[PDB]
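Visitor: If you scroll down you'll find the structure; I have some questions about it.
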Amino acid sequence: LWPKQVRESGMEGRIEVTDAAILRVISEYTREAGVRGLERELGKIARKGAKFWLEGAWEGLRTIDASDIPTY
Amino acid sequence: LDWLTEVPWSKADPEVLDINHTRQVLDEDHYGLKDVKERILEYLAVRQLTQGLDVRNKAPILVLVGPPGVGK
Amino acid sequence: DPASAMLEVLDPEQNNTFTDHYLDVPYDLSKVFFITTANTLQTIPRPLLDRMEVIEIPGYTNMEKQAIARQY
């Protein structure tokens, strides 16, 4: 899910998420049996990452850790 | 007559496959889901074991039941 | 119900082959920007609700209605 949503929004190689962050997205932002809501939340992270890139810039990976999740 | 000569009457593509190649192709599109993949591999085992014989060939009929987001 | 026929047109992964009963061909509706409107979620079926991304529009306060009435 996350490689697809990163590739599909042009932010490939510029942003990355950790495992603690994915676990927090599953436990606190989703109540489902399937997996579509998780895909929508990770897609939201990628869109906002593109928005932040297009007005500033950085170099290398920005790593989103588990305490950066409420920012996005 | 144009409908009657264009539906396929006895024209088929092969059914005896390498098992492990099918296993690797199934495992690169979906995570988990062991019951469905084992059903497919048991079908191909029966197809390999029966190719010399002359018995009734009958393809399966399945229903996949589940919640709204799982990979049906 | 036409709610069960809307599952084919609003499917995010599959609506690039939407088949009408008049035209017997697959038609691609995947560049269309669908916007839908409701005032409660409860009378939408669960598989149809699971396809859409939900944005809530909460209702205006008094300081907002003040500015809407002055400026618009």
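Ordered as shown in the structure tokens, chains take letters A, B, and onward, while each chain numbers its residues from 1 and ligands are numbered from 1 in the order shown.
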What are the residues of chain A that have an atom within 6 Å of an atom of chain B, counting only C-alpha atoms, as a VMD selection string?
Guide: chain A and resid 34 to 36
Visitor: Any chance you can output those residues with N, CA and C atoms as a PDB file, in the first residue's frame?
Guide:
```pdb
ATOM      1  N   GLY A  34     -11.343  -4.532   6.474  1.00  0.00           N
ATOM      2  CA  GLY A  34     -10.621  -4.483   5.228  1.00  0.00           C
ATOM      3  C   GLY A  34      -9.466  -3.526   5.293  1.00  0.00           C
ATOM      4  N   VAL A  35      -9.054  -3.043   4.134  1.00  0.00           N
ATOM      5  CA  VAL A  35      -7.787  -2.343   4.108  1.00  0.00           C
ATOM      6  C   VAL A  35      -7.875  -1.058   3.282  1.00  0.00           C
ATOM      7  N   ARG A  36      -9.086  -0.645   2.908  1.00  0.00           N
ATOM      8  CA  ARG A  36      -9.241   0.570   2.108  1.00  0.00           C
ATOM      9  C   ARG A  36      -9.036   1.844   2.912  1.00  0.00           C
TER      10      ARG A  36
END
```
Visitor: Go through chain C and collect every residue that DSSP, computed from the backbone, puts in strand (DSSP E or B); the answer should be as a PyMOL selection string.
Guide: chain C and resi 18-19+26-27
Visitor: List every residue of segment 9-54 of chain A that DSSP, applied to the backbone of this structure, places in helix (DSSP H, G or I), and write the result as a ChimeraX atom specification.
Guide: /A:19-28,36-54
Visitor: Kindly provide, as a list in words, the residues of chain C having any atom no farther than 9 Å from an atom of chain B, counting only C-alpha atoms.
Guide: residues 46, 47 and 50 of chain C
Visitor: Please provide the set of residues having any atom within 10 Å of residue 53 of chain C, restricted to only C-alpha atoms, with same-chain residues fewer than 4 positions apart removed, written as an MDAnalysis selection string.
Guide: (chainID A and resid 36:37 40:41) or (chainID C and resid 35:36 49)
Visitor: Considering only C-alpha atoms, state which residue in the set C:8, C:33, C:24, C:13 is at the smallest distance from chain A.
Guide: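 So, comparing all the options, the nearest one is C:13.
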Visitor: Would you mind telling me which residue in A:71, A:47, A:33, A:59 lies nearest to chain C when using only C-alpha atoms?
Guide: A:33
Visitor: Fewer than 6 positions away in the same chain doesn't count, so skip those; otherwise give me all residues within 10 Å of residue 44 of chain A, counting only C-alpha atoms, as number ranges by chain.
Guide: A: 5, 38, 50, 72
Visitor: If you count only C-alpha atoms, which residues fall within 12 Å of residue 2 of chain C, apart from same-chain ones fewer than 5 positions away, as a PyMOL selection string?
Guide: chain C and resi 7-9+44-45+48
